[PDB]
Structures are given as C-alpha cells and as structure tokens.
Number of protein chains: 2
Amino acid sequence: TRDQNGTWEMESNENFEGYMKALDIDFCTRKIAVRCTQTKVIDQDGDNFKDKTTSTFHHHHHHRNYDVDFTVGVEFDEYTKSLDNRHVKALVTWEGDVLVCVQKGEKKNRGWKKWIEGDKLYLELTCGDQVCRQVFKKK
Amino acid sequence: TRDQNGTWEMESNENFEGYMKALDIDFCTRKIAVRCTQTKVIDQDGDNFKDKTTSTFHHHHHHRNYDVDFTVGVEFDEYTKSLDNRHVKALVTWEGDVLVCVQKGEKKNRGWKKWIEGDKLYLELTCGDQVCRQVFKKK
C-alpha cells in the first residue's frame with residue numbers, strides 16, 4: 001500500500017543515537033533527543049505530501065519542588081539540590097527591607113538577596129562575580 | 001515592604017547560565033534548566049519563612065514542530081532544523097510501495113525510506129553505515 005495519510009505516534013525507535021552520531025549531533029543534543037516522543041501528521045494527496053513532525057520533551061521532574069524553611073538570624077544547613085547539590089551553612093538577615101543570605105561553603109562570595117518592589121519579588125543570586133537576577137509577579 | 005507572602009510566578013531570568021557555570025553545573029544540565037520557569041510560594045510568619053519553589057518547563061519549549069512539504073520526483077531544499085541544521089537537496093521517489101528519499105549534501109548516503117506494513121508506518125533513516133529504524137502506530 002502507498003497511502004501514508006494519518007496521525008502517527010512513534011512506537012519504536014532503534015539506533016537513533018547511532019544515526020545522530022553519524023550526523024555529528026553533540027552528546028547533549030542527543031540526550032535531549034532520545035527523551036522526546038514524536039507524532040507525525042501526514043497529509044497525502046497523490047504524490048503531494050505535507051509531513052508535520054512534533055517532538056515533545058519528557059523530563060522526569062517536569063514539576064520538581066525545592067523546599068527551604070529558615071528563620072532570620074538562625075544559621076541552618078542548606079543542601080542546594082535543584083542546583084549544585086552542595087552543603088552550605090546559610091544565614092539570612094534583614095538589611096533594610098532586603099532579605100540577604102550568605103551561604104558559607106566551598107564557593108566564595110555565594111549568597112542571595114530577595115526583596116519586594118511594587119507587585120514583584122526580586123531575587124539576585126550571587127556566586128563569585130556571577131549575578132543572576134530573577135523577577136517574580138504576584139499571583 | 002517586608003511582606004513576601006504570596007504565590008510568585010517567574011517573569012524574567014537573567015544570566016541564569018552564567019550563575020550555573022559559577023556553580024560548576026554541567027553543560028547539559030544547564031541547557032535544560034534554562035528552559036524552566038518557576039513558581040515560588042512564600043509563607044512568611046514574622047521572620048520565619050517557608051519557601052516552596054516549583055520548576056516546570058516553559059510552554060513554547062514543550063514541543064518543537066518540523067514541517068516538510070514535497071512532491072514525489074521534484075527536488076526540494078531541506079534545512080534539517082530538527083536534527084543537524086544542514087542544507088541538503090532532497091528527492092523523493094517511489095520504489096515499489098516504498099517512499100525513498102535521497103538527501104544530497106555534505107553527508108554521504110543520507111536519505112530515508114518510508115513504507116506501510118499492516119497498520120504501521122515504518123521509517124528508516126540512513127547516514128553512511130548508520131540506520132535508524134522507527135515504527136509508527138496510527139492514532
């Protein structure tokens with residue numbers, strides 16, 4: 001038969017990494033590719049083809065949670081799962097209306113600052129000379 | 001203000017990759033983490049804080065689509081966004097009931113074969129001596 005019309009869900013996929021290596025895809029892109037499911041929607045009219053393929057990434061911990069409880073001024077041990085899984089000794093204090101934390105440990109100049117402005121929560125995470133700024137909106 | 005109580009949806013995330021490198025997070029982990037948004041639920045009771053942060057994947061990163069329109073026997077230009085981002089000249093012919101394609105370009109023996117067997121779509125992708133065999137079920 002020649003009629004390839006339909007919606008097709010991938011059922012089996014073998015030597016997908018061998019083929020991608022032959023095309024020089026890097027290790028990381030392959031590791032993301034083999035975690036994708038594929039749907040193919042084929043519209044065929046004689047010898048005219050419309051082939052639409054959808055790759056969906058499926059990562060475990062698609063909804064990962066990280067919980068930290070602390071009191072201002074009370075040093076606590078933090079295990080930075082969700083990031084680098086290191087042990088730091090963390091201490092949170094107020095500097096004005098800015099919540100400031102120092103994470104003493106292997107990394108020097110590691111810590112963060114958290115504050116409110118308007119309807120938004122600002123967070124800046126520091127490690128050495130690298131600052132990451134994140135902004136959150138109130139729901 | 002000091003009141004950080006609320007549910008906070010991430011709106012922006014700047015130099016997150018720079019920060020993760022400073023923490024020695026590996027490249028592939030960084031590449032996936034930068035695709036995530038997070039919701040932060042802060043329950044603040046004086047100077048005691050419970051911070052539950054949830055990481056989920058963005059929505060535009062939930063799936064990539066790759067669209068190909070072609071007519072049997074009419075060479076067409078393909079840019080393989082979903083794989084190796086190369087330019088090939090593609091030509092599809094029938095060989096029996098098998099839709100056979102040759103992708104002329106940098107890679108030798110690059111092409112694919114598609115055919116129906118039962119209610120199943122078979123796809124074999126070749127590059128050199130590497131063959132990827134895929135089977136699709138009709139949805």
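Numbered from 1 within each chain, the chains take letters A, B, ... in sequence-line order. Hydrogens, waters and symmetry mates are skipped; everything else that's a heavy atom, side chains included, is used.
For A:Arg110, the part lying under 4.5 angstrom from a heavy atom of chain B is the side chain only. For a residue to count as touching a neighbouring chain, one of its non-hydrogen atoms must lie under 4.5 Å from one of that chain's; by this rule A:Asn109 does not touch chain B. Contacts of B:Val74 with chain A are absent, with no heavy-atom separation under 4.5 Å from either backbone or side chain. Only the backbone of B:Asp3 has a heavy atom closer than 4.5 Å to any heavy atom of chain A. At a 4.5 Å heavy-atom cutoff, the contact between B:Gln38 and chain A is made by backbone and side-chain atoms alike. A:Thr126 touches chain B through its backbone: at least one of N, CA, C or O sits under 4.5 Å from a heavy atom, while the side chain does not. There is no contact between A:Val92 and chain B, counting heavy-atom distances below 4.5 Å.
Comment: B:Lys139 engages A:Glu9 in a salt bridge, judged by a side-chain N to carboxylate O separation of less than 4.0 angstrom. Between A:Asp51 and B:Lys114 there is a salt bridge, since at least one side-chain N of the basic residue sits less than 4.0 Å from a carboxylate O of the acidic one.
Atom-to-atom distance recorded for B:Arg64:CZ and A:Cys36:SG is 10.5 Å, nearest 0.5 angstrom. Between atom NZ of residue A:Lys137 and atom OG1 of residue B:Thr39 there is a gap of 12.5 Å, rounded to the nearest 0.5 Å. With values rounded to the nearest 0.5 angstrom, B:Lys138 atom NZ is found 10.5 Å from A:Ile42 atom CD1. Note: B:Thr1 OG1 to A:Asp97 CG = 6.5 Å, rounded to the nearest 0.5 Å. Here the CG-CG distance, from B:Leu125 to A:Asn15, works out to 10.0 Å after rounding to the nearest 0.5 Å. In this structure, CG on A:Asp69 lies 6.5 Å from NZ on B:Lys50, to the nearest 0.5 angstrom.
The candidate with the highest count of non-hydrogen atom pairs below 4.5 Å against chain B, out of A:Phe136, A:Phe16, A:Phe27, is A:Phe136. Comparing A:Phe70, A:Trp8, A:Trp115 by how many heavy-atom pairs each has under 4.5 Å with chain B, the most go to A:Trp8. In terms of non-hydrogen atom pairs under 4.5 Å with chain B, the most contact-rich of A:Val135, A:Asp119, A:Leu123, A:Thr7 is A:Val135. Considering only heavy-atom pairs separated by less than 4.5 Å from chain B, the leading option among A:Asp45, A:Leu83, A:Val41 is A:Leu83. Most heavy-atom pairs under 4.5 Å with chain A: of the set B:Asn85, B:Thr53, B:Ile116, this distinction falls to B:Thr53. Between chain B and the options A:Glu124, A:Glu117, A:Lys120, heavy-atom pairs under 4.5 Å are most frequent for A:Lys120. Interface summary for chain B: among A:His58, A:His61, A:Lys40, the most heavy-atom pairs under 4.5 angstrom belong to A:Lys40.
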For residues 19-26 of chain B, please give each side-chain donor-acceptor pair under 3.5 Å, one per line with the distance, not counting sequence neighbours.
| residue | atom | partner | partner atom | Å |
| --- | --- | --- | --- | --- |
| B:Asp24 | OD2 | A:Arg86 | NH2 | 2.6 |
| B:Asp24 | OD2 | A:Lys107 | NZ | 3.0 |
| B:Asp26 | OD1 | B:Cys28 | N | 3.4 |
| B:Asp26 | OD1 | B:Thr29 | N | 2.9 |
| B:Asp26 | OD1 | B:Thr29 | OG1 | 2.6 |
| B:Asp26 | OD2 | B:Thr29 | OG1 | 2.9 |

Mind running ring pair (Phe, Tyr, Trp, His ring centres under 6.0 Å) on A:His62 and B:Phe57 for me, showing each step along the way? CA-CA 6 Å; A:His62 50 91; B:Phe57 285 76; 8.6 Å; no
Please assess B:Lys31 against A:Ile32 for the test side-chain contact (heavy atoms from CB on, under 4.5 Å), listing each intermediate value before the final yes or no. CA-CA 10 Å; B:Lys31 180 165 193 162; A:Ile32 286 162; 4.1 Å; yes
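A donor and an acceptor atom, one from each side chain of A:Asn48 and B:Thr71, are located under 3.5 Å apart.
Remark: the backbone N or O of B:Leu99 is not paired with any side-chain donor or acceptor of A:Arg2 at under 3.5 angstrom.
Between B:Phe49 and A:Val72, the closest side-chain pair of non-hydrogen atoms falls below 4.5 Å.
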